[PDB]
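A.B. asks: Quick one: structure below, then a few questions.
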Amino acid sequence: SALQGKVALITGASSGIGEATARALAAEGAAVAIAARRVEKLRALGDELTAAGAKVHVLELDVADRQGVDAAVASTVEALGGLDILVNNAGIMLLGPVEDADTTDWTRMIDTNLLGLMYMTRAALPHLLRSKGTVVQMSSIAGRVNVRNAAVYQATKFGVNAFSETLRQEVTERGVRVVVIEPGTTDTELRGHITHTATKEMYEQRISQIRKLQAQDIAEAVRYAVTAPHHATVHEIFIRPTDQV
Amino acid sequence: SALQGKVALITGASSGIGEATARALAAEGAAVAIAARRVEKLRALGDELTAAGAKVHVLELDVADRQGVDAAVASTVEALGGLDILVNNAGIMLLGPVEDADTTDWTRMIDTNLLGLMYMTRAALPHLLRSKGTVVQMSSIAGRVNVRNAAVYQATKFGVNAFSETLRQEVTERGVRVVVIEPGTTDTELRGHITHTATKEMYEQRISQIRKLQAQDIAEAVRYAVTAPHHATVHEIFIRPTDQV
Amino acid sequence: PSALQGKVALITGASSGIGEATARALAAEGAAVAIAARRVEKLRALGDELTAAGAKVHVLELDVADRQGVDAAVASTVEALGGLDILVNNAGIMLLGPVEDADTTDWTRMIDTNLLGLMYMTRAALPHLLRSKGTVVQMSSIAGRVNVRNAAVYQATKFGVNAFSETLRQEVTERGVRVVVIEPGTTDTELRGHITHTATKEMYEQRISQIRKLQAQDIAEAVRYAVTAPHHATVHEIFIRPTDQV
Amino acid sequence: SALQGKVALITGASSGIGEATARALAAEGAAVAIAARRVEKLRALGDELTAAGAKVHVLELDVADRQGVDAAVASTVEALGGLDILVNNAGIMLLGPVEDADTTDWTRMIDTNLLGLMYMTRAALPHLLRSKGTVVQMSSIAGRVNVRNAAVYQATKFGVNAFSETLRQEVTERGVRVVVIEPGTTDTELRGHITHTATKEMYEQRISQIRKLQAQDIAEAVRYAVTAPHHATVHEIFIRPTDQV
Ligand SMILES: NC(=O)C1=CN([C@@H]2O[C@H](COP(=O)(O)OP(=O)(O)OC[C@H]3O[C@@H](n4cnc5c(N)ncnc54)[C@H](OP(=O)(O)O)[C@@H]3O)[C@@H](O)[C@H]2O)C=CC1
Ligand SMILES: NC(=O)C1=CN([C@@H]2O[C@H](COP(=O)(O)OP(=O)(O)OC[C@H]3O[C@@H](n4cnc5c(N)ncnc54)[C@H](OP(=O)(O)O)[C@@H]3O)[C@@H](O)[C@H]2O)C=CC1
Ligand SMILES: NC(=O)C1=CN([C@@H]2O[C@H](COP(=O)(O)OP(=O)(O)OC[C@H]3O[C@@H](n4cnc5c(N)ncnc54)[C@H](OP(=O)(O)O)[C@@H]3O)[C@@H](O)[C@H]2O)C=CC1
Ligand SMILES: NC(=O)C1=CN([C@@H]2O[C@H](COP(=O)(O)OP(=O)(O)OC[C@H]3O[C@@H](n4cnc5c(N)ncnc54)[C@H](OP(=O)(O)O)[C@@H]3O)[C@@H](O)[C@H]2O)C=CC1
Ligand SMILES: O=C(O)[C@H]1/C(=C/CO)O[C@@H]2CC(=O)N21
Ligand SMILES: O=C(O)[C@H]1/C(=C/CO)O[C@@H]2CC(=O)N21
Ligand SMILES: O=C(O)[C@H]1/C(=C/CO)O[C@@H]2CC(=O)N21
Ligand SMILES: O=C(O)[C@H]1/C(=C/CO)O[C@@H]2CC(=O)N21
């Protein structure tokens, strides 16, 4: 139990990567504040983790809401005593051409993937500074490589990376570690949300012929990064499916 | 006159790089639609350009306004007959630490630098597709390199770059050229807007000891890129002050 | 527990630093280790240590810049240990100094060892890795990701290693050969003792004196994490920086 | 004539991009030292340029030869009075898989593309420092993007870029400008040299259905960069064929 007595706040914890990460960190002895919009799914996970001997704090949160963000962080510190690890995992992937796009796709991705992550980072920062803690940014291969029909999604993830590198420069000397996780195709609910029907089906066929990364693989990457000695910042882990060029 | 009979729409044309670019493209024989919020400054530039023999269409526009963007593009095509060149130059640079930041800095930069650019791009695209035209994105060294106290600004510019590369992959085969200009320190009004006083002062001192790039230098980069033969897409020009490591 | 039981790892640059720690780490996971470098005395000492701890060891005197020596070293490893599952291309040298009026033997040495030697080893190992659906680990650097003054040619070799390795990944990944690239920042090893430009050697020492450096063991743990990941996952890049260092 | 009284040394001047660049610079009034191994082709070009009113210095040079490099630079400064522009254009592209590769492909590419370029840069530097001149590195899309069957070639070109950025940091404050040109597919003799037959054929098919960049397009990129005002360093120009995703 490398994380005994530590407090982790995980956004997007109701499914996929965030759910696996919350489990992984709790398994290492961390108290976990689990945040997302689907409260019933969070409660179900919270019950499971509590029944497994973990300390859980359930947070109904929209990361795009600046006020909600500030309250969520304050609630976590109040209920669990501090903040050692923030996992900015909440995100959505809305694929489709730039041409004649539904721009609500764009505003949603920017609010959640970029602004939400930045809001959470900022609110957590005073607490992470005191605990010499770690912020883990859930980026993507989409923050390293551009492919067609993912322009704005890729814009958000490249943006996350630049924000995070800059953040590292700003806070690293005070012992706040900045970790960026960059998964390739991972088998989650993420793709079910694509609003462009033609691209949703194109993407599904594209990834149908590979062994996908599992949510647990990515949780393991986070676990490796956060349990590394404090003098080491695993700033980037770029993990790809072996089957995928 | 390499651009005779062509129409260019330049956002952020009321000062700085956009003003110089509008002059440069007009000098090459292009009809210019000049867009920004300060109508008085646009009118003054429009008068000067018209007095020099250019065809000018003045557009009062906030690029963050989706509806205003659509109307501005439609107004341009109606008044000037089409669209061959879009210069997405409207932008703001609000520097300061992430820690305890004024988050209105962030929303402004994202709305203008990222969302505004993407809105203009999308609205212009049908017209650029017909004319096999060129979209010029005004990025920055901040889209290539991260320094302290520019996290969200750099996020927007790295985002612009990823969006633009992806756009290139999507439209290049149909003859729409995607050009990204990346200036280093350029002597404009840009820095006057920084809301974090300590950072504004720090930045001023940092750039006080170099010969800065001039707005005209960047206009020249744009002119070189857009007058290149159609089979060549000058996708990136990274121009730095020689005095600046 | 032993995630690499029955696997064979060949580690170049095993006589000190990161390669030594990596050979220990892999052996601790149950892998048989072929340890390769030029200082045979140091290899023998490590080999004795590992053998005494219950490991299977094959000692290889090798200059990675030697194309023929490379081929023989791979052949010797597969003959002695039965196959090849993991290659760690760790052999390397860092010769810092300005471009201006540089001692160009600095350059040829770095290119021969860091770039060409790594490529030769990769190529010779590949038929064996293809059969075993194995993993090649490239020891790159922060120098393959960021450029600073007085490390022009070294950074050229490391950026070169990264492009070579990404391209390799595209070529072999579908046949189940995983390409892993490890990118340490400042790590406390013998590496810097070799700098021939005296002024730069001193400048570098002062710059890194103010930080808690990465340990060779930290980097070995990165390698361990990457190679013990399930086969369907290729941890293509791990970029590990000293927390103290902007 | 923006380069009147300037001296340019161009490596790889016997064909392709180097030939076009030597013509373009001479057209701007620069004296040109033209260097390559095929003396006969250099003399024919030298005759052409001299007949057009240019000052020409013919140099038989293998850039992989460190002593030949030193003599070539000394010969140039002796014959033409100094050195204002170096174009490191000599290069070879030997494509093929890593698996079972002919490793003489590798040593040739490293000797010419990387070491030869570095040798030339180093020998020229004292002279460039005096003249506050410009070094132009002929990199490639292969220094920016990795594709299959170009591993070692891409290694040399990514290497050239890192070397050159580092060089910029080291010499830029003393007024030596470092320019990196990155062409995509350009119609030259380059591809005729590929030793791996299957890959040579695969590459030819790949580039058969695009309008390729012309050697003259690349020469124009060099010309734009070197005639920019001294306070501006056009550090990167990334030029892609518009037809090529
Ligand atoms: N799956 C993949 O192939 C890859 C995914 N990623 C990244 O991983 C992250 C997690 O997504 P993934 O697990 O894949 O897919 P999921 O859809 O399963 O997870 C997304 C999670 O984010 C939450 N969420 C979405 N919007 C908000 C919001 N406005 N406020 C708070 N929480 C929100 C969702 O919970 P709820 O709806 O209850 O709010 C959900 O739990 C994303 O950042 C994604 O970009 C990166 C690389 C590869
Ligand atoms: N100066 C520099 O060192 C560098 C600048 N850049 C980029 O260059 C671009 C132009 O900036 P620069 O000329 O330097 O500085 P300026 O402030 O002089 O120009 C910015 C222009 O953008 C306009 N603008 C701002 N917000 C909006 C909006 N929401 N809608 C429409 N127009 C808007 C302003 O006009 P108005 O107020 O009338 O609307 C103004 O004309 C920006 O994209 C910037 O990021 C990139 C690299 C270096
Ligand atoms: N130390 C650091 O801060 C960092 C180092 N690195 C990389 O780590 C790798 C290992 O270096 P590190 O452990 O740091 O320093 P060391 O000097 O301690 O290790 C270098 C190892 O490589 C071997 N070696 C050198 N040249 C050759 C050659 N021609 N043929 C075979 N073996 C050779 C040496 O053994 P011998 O002399 O007996 O042959 C030695 O075992 C290098 O590739 C380096 O670039 C990357 C990031 C940071
Ligand atoms: N064509 C393309 O698609 C692209 C090419 N490039 C780069 O452009 C540069 C020039 O190539 P390009 O013009 O296309 O092809 P060419 O083969 O036509 O030109 C290469 C030139 O380099 C010379 N050369 C080769 N080896 C040496 C050497 N050892 N010493 C001195 N000169 C040498 C050749 O002349 P000689 O045999 O007489 O010595 C020739 O003049 C290269 O660096 C290449 O990597 C970059 C991006 C795209
Ligand atoms: O490679 C993939 O699976 C997907 C992806 C998935 C989630 O980041 O992100 C990038 C954009 C895209 O379509 N890629
Ligand atoms: O280098 C500079 O002058 C400035 C800049 C200016 C406008 O992009 O962008 C980056 C962010 C910053 O502070 N840099
Ligand atoms: O950051 C550092 O400590 C050193 C280094 C060390 C080993 O790669 O590589 C890069 C080049 C340099 O000076 N950096
Ligand atoms: O895109 C291309 O045409 C070629 C190329 C050509 C010359 O650098 O460089 C990259 C490596 C490759 O195959 N690409």
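Reconstructed Cβ throughout: ideal geometry from the backbone, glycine too, with neighbour counts over all protein chains shown. Bear in mind these aren't lab numbers, they're just calculated from the coordinates by the rules spelled out.
A.B. asks: With the condition kept exactly as written, say whether any residue in segment A:188-197 is within 14 Å of ligand 5 (Cβ to nearest atom), crowded, with 20+ Cβ neighbours inside 10 Å and closer than 30 Å to C:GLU183 by Cβ.
C.D. replies: yes
A.B. asks: Can you find a residue in segment B:150-166 that is away from ligand 7 (no atom under 16 Å from the Cβ) and more than 21 Å from A:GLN154 (Cβ to Cβ)? Even if it seems obvious, please write down each step before you answer.
C.D. replies: Within segment B:150-166, the subset away from ligand 7 (no atom under 16 Å from the Cβ) is B:150-166.
Subsequent filtering for residues that are more than 21 Å from A:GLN154 (Cβ to Cβ) retains none.
Within segment B:150-166 (the criterion being away from ligand 7 (no atom under 16 Å from the Cβ) and more than 21 Å from A:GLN154 (Cβ to Cβ)), the answer is no, since none of the residues qualifies.
A.B. asks: Ok, one more. Can you find, within segment B:11-39, the residue that is surrounded by the fewest Cβ atoms within 10 Å (Cβ to Cβ) among those that are within 16 Å of ligand 6 (Cβ to nearest atom) and within 14 Å of another protein chain (Cβ to nearest Cβ)?
C.D. replies: Filtering segment B:11-39 for residues that are within 16 Å of ligand 6 (Cβ to nearest atom) and within 14 Å of another protein chain (Cβ to nearest Cβ), the one surrounded by the fewest Cβ atoms within 10 Å (Cβ to Cβ) comes out as B:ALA20.
A.B. asks: Given the conditions (1) surrounded by fewer than 23 Cβ atoms within 10 Å (Cβ to Cβ); (2) within 23 Å of A:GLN244 (Cβ to Cβ); (3) in contact with a helix residue (DSSP H, G or I) (Cβ under 8 Å, 6 or more places away or on another chain), and given that A:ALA151 satisfies all but one, which numbered condition is not satisfied?
C.D. replies: Every listed condition holds for A:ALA151 apart from (1).
A.B. asks: Going through B:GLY184, B:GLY192, B:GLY116 one at a time, which residue ends up being free of Cβ contacts under 8 Å to residues at least 12 places away in the same chain, within 14 Å of ligand 2 (Cβ to nearest atom) and farther than 20 Å from B:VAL98 by Cβ? Quick ask: steps written out before the conclusion?
C.D. replies: Numbers: B:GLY184 fails: free of Cβ contacts under 8 Å to residues at least 12 places away in the same chain; B:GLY116 fails: free of Cβ contacts under 8 Å to residues at least 12 places away in the same chain.
Residue meeting the stated conditions: B:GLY192.
A.B. asks: Could you identify the single residue in B:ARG122, B:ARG144 that is within 10 Å of another protein chain (Cβ to nearest Cβ) and either over 30 Å from B:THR76 (Cβ atoms) or within 16 Å of ligand 4 (Cβ to nearest atom) (or both)?
C.D. replies: Numbers: B:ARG122 fails: either over 30 Å from B:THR76 (Cβ atoms) or within 16 Å of ligand 4 (Cβ to nearest atom) (or both).
Sole residue among the options that is within 10 Å of another protein chain (Cβ to nearest Cβ) and either over 30 Å from B:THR76 (Cβ atoms) or within 16 Å of ligand 4 (Cβ to nearest atom) (or both): B:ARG144.
Table: residues versus (1) closer than 22 Å to B:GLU189 by Cα; (2) buried (at least 24 other Cβ atoms within 10 Å of the Cβ); (3) more than 10 Å from ligand 2 (Cβ to nearest atom); (4) more than 14 Å from chain A (Cβ to nearest Cβ).
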{"position": "B:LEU9", "(1), (2), (3), (4)": "yes, yes, yes, yes"}
{"position": "B:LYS41", "(1), (2), (3), (4)": "yes, no, no, yes"}
{"position": "B:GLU48", "(1), (2), (3), (4)": "yes, no, yes, yes"}
{"position": "B:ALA51", "(1), (2), (3), (4)": "no, no, yes, yes"}
{"position": "B:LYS55", "(1), (2), (3), (4)": "no, no, yes, yes"}
{"position": "B:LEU83", "(1), (2), (3), (4)": "no, yes, yes, yes"}
{"position": "B:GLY91", "(1), (2), (3), (4)": "yes, yes, no, yes"}
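A.B. asks: Do the conditions hold for D:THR233, that is, is it facing chain B (nearest Cβ under 7 Å), in contact with a helix residue (DSSP H, G or I) (Cβ under 8 Å, 6 or more places away or on another chain) and under 20 Å from B:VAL226 (Cα atoms)? First the steps, then the outcome.
C.D. replies: Numbers: facing chain B (nearest Cβ under 7 Å): yes; in contact with a helix residue (DSSP H, G or I) (Cβ under 8 Å, 6 or more places away or on another chain): yes; under 20 Å from B:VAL226 (Cα atoms): yes.
Answer is yes for this residue.
A.B. asks: To continue, here is another question. Of everything in segment B:154-170, what is buried (at least 24 other Cβ atoms within 10 Å of the Cβ) and over 29 Å from B:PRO97 (Cα atoms)? Give them in sequence order. Before you say what the answer is, go through the steps one by one.
C.D. replies: The initial filter retains those residues of segment B:154-170 that are buried (at least 24 other Cβ atoms within 10 Å of the Cβ), namely B:154-164, B:166-168.
Matches in segment B:154-170: B:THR166, B:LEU167, B:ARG168.
A.B. asks: I'd like the full set of residues that are within 9 Å of ligand 5 (Cβ to nearest atom), under 18 Å from A:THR186 (Cα atoms) and either more than 16 Å from the chain's Cα centre (by Cα) or surrounded by fewer than 24 Cβ atoms within 10 Å (Cβ to Cβ) (or both), limited to segment A:136-148.
C.D. replies: A:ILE141, A:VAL145, A:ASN146, A:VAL147
A.B. asks: Turning to a different aspect of this structure: Among the residues of segment C:57-81 satisfying the criterion of being within 14 Å of chain D (Cβ to nearest Cβ) and buried (at least 21 other Cβ atoms within 10 Å of the Cβ), which is nearest to ligand 2 (Cβ to nearest atom)?
C.D. replies: That would be C:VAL64.
A.B. asks: Here are D:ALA151, D:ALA155, D:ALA198: which of them is within 16 Å of ligand 3 (Cβ to nearest atom) and within 23 Å of C:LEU168 (Cα to Cα)?
C.D. replies: Details: D:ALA151 fails: within 16 Å of ligand 3 (Cβ to nearest atom); D:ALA198 fails: within 16 Å of ligand 3 (Cβ to nearest atom).
Of the residues listed, the single one that is within 16 Å of ligand 3 (Cβ to nearest atom) and within 23 Å of C:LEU168 (Cα to Cα) is D:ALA155.
A.B. asks: Moving on. Taking the condition under 29 Å from D:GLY184 (Cβ atoms), within 16 Å of the chain's Cα centre (by Cα) and part of a helix (DSSP H, G or I), does D:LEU117 pass? First the steps, then the outcome.
C.D. replies: Values: under 29 Å from D:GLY184 (Cβ atoms): yes; within 16 Å of the chain's Cα centre (by Cα): yes; part of a helix (DSSP H, G or I): yes.
So D:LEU117 fits the description; yes.
A.B. asks: Same structure again: For segment B:149-245, please list each of the helices (runs of 4 or more DSSP H) lying entirely inside it that holds at least 1 residues being within 16 Å of ligand 8 (Cβ to nearest atom) and under 17 Å from the mean Cα position of the chain (by Cα).
C.D. replies: Values: elements: B:151-171, B:197-206, B:215-227.
Filter on segment B:149-245 gives B:151-171.
A.B. asks: Where the second residue is within 11 Å of ligand 3 (Cβ to nearest atom) and not in a loop (DSSP other than H, G, I, E, B) and the first is without any contact (Cβ under 8 Å) to a residue 24 or more places away in the chain and lies in segment C:36-55, which pairs have Cβ atoms under 8 Å and are six or more apart or on separate chains?
C.D. replies: C:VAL40/C:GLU61; C:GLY47/C:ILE35
A.B. asks: I would also like to ask the following. Would you mind stating whether C:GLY19 is touching a strand residue (DSSP E or B) at 6+ places or on another chain (Cβ under 9 Å) and on the phi > 0 side of the Ramachandran plot?
C.D. replies: No; evaluated as a whole, the condition is false for this residue.
A.B. asks: Looking only at segment B:170-207, which residues are of a type in the set (D, E, K, R) and away from chain A (no Cβ under 14 Å)? Break it down stepwise before answering.
C.D. replies: From segment B:170-207, those of a type in the set (D, E, K, R) are B:170, B:173-174, B:177, B:182, B:187, B:189, B:191, B:200-201, B:204, B:206; that's our starting set.
Correct list: B:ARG177, B:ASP187, B:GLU189, B:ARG191, B:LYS200, B:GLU201, B:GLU204, B:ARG206.
A.B. asks: What do you reckon, is A:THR104 hydroxyl-bearing (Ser, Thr, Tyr) and either under 26 Å from A:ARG191 (Cα atoms) or in contact (Cβ under 8 Å) with a residue 60 or more places away in the chain (or both)? Before you say what the answer is, go through the steps one by one.
C.D. replies: Values: hydroxyl-bearing (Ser, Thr, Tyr): yes; either under 26 Å from A:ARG191 (Cα atoms) or in contact (Cβ under 8 Å) with a residue 60 or more places away in the chain (or both): yes.
Yes; evaluated as a whole, the condition is true for this residue.
A.B. asks: Follow-up. Assess whether C:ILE111 counts as being part of a helix (DSSP H, G or I), more than 16 Å from ligand 6 (Cβ to nearest atom), touching a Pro at 6+ places or on another chain (Cβ under 8 Å) and hydrophobic (A, V, I, L, M, F, W, C). First the steps, then the outcome.
C.D. replies: Details: part of a helix (DSSP H, G or I): yes; more than 16 Å from ligand 6 (Cβ to nearest atom): yes; touching a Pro at 6+ places or on another chain (Cβ under 8 Å): no; hydrophobic (A, V, I, L, M, F, W, C): yes.
Answer is no for this residue.
A.B. asks: Could you tell me whether B:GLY159 is within 16 Å of ligand 1 (Cβ to nearest atom) and within 10 Å of chain A (Cβ to nearest Cβ)? Reasoning before the result, please.
C.D. replies: Details: within 16 Å of ligand 1 (Cβ to nearest atom): yes; within 10 Å of chain A (Cβ to nearest Cβ): yes.
So B:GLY159 fits the description; yes.
A.B. asks: Also, quick follow-up: Among (1) more than 7 Å from chain A (Cβ to nearest Cβ); (2) farther than 18 Å from B:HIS235 by Cα, where does B:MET138 come up short?
C.D. replies: Checking B:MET138 against (1) more than 7 Å from chain A (Cβ to nearest Cβ); (2) farther than 18 Å from B:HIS235 by Cα, the one that fails is (2).
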